[PDB]
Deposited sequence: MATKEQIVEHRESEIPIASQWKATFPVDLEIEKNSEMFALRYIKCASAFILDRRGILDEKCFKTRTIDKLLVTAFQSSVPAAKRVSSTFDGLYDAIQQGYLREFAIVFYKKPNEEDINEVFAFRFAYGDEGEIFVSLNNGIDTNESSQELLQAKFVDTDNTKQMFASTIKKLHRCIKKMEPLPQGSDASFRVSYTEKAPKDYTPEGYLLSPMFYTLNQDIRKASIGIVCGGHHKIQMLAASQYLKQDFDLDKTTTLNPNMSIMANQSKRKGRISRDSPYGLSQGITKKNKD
């Protein structure tokens, strides 16, 4: 039930920061997929992290084990400094380009300096990239508190969303840093020329940035199901694992 049952401590250390970064995106993904109704409810279990009720995959369920396992190849992508963004996108087949909702996790490594703002795809903006640059590691306890604050804000955002359309589809999409080789593909993902693009008028929400010592992870959302821009108290990649 304590932090250390789920996440590393001593987050200033590179290996602990890496492991935290991967476990964090997996944790938030389970929270999101459960609350938005993507998989059957038996794919999830509620767990406790300090004062918060969070969600985990139930790996004894095949569909959950499949989704959980997609994260394994992202660990090497994070270790090598190759993962720039992990995004969960919701759409309706057959139109895989028409993104109704996205939850994006953008990474900054060490003190990278500045990061290119994409002009034609994604969710990032000049403002979001400035916020990611300005965020800084402070200490492990502070990251415990910022995790809690961020999950609470994610919960409040999702409470303001209308339900996904019946039978929505979901995919995981990833983009890479300039260090990654030209045809880089994490295990479990497929190489794709396509990422995702959003409509100019979609409503957006900035949920928060959590930091390990060597990794900063920014969560940004966009949805047609938010009305306006926005208890749990105790060279791209594609995965169609969902």
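Query raised in the report: Quick one: where does the model skip the deposited sequence?
Result: Residues missing from the model, as numbered along the full deposited sequence, span 1-18, 249-257, 262-277, 286-291.
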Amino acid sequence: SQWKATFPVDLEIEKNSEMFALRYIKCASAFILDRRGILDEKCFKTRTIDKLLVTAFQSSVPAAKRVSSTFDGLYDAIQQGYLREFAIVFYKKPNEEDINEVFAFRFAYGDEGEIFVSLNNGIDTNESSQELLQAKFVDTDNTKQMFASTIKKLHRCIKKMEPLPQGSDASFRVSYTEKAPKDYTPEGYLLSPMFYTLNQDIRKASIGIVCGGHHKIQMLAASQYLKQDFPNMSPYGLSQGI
From here on, numbers count along this sequence of modelled residues.
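Query - Between 219-227 and 18-26 (mean CA B-factor, as deposited), the higher - result: According to the entry, 219-227 carries the higher average C-alpha B-factor.
Requested in this report: Using the B-factors recorded in the PDB entry, average over the C-alpha atoms of 61-69 and of 195-203, then report which stretch comes out higher.
Outcome: That would be 195-203.
Query raised in the report: Looking at 51, 42, 36, 173, which has the biggest Cα B factor in the entry?
Result: When the deposited C-alpha B-factors of 51, 42, 36, 173 are compared, 51 is largest.
**Report entry** Residue with maximal Cα B-factor (values as given in the PDB entry) among 101, 112, 141, 98
**Finding:** The record points to 112.
Query - Chain third (lowest, middle, highest) by recorded CA B-factor, residue given as residue 209 - result: For residue 209, the deposited C-alpha B-factor lands in the lowest third.
Report task. Give the position of residue 93 by CA B-factor within its chain, expressed as the lowest, middle or highest third. Result -> Its C-alpha B-factor belongs to the highest third of this chain's values.
Query - Within-chain third of residue 9 by Cα B-factor, per the entry - result: CA B-factor rank for residue 9: middle third.
Query raised in the report: What third of its chain's C-alpha B-factors does residue 84 belong to: lowest, middle or highest?
Result: Its C-alpha B-factor, which the entry lists for residue 84, ranks in the lowest third among residues of this chain.
Requested in this report: Could you look up the Cα B-factor of residue 146 in the entry and say which third of the chain it sits in: lowest, middle or highest?
Outcome: Lowest third of the chain for residue 146's C-alpha B-factor.
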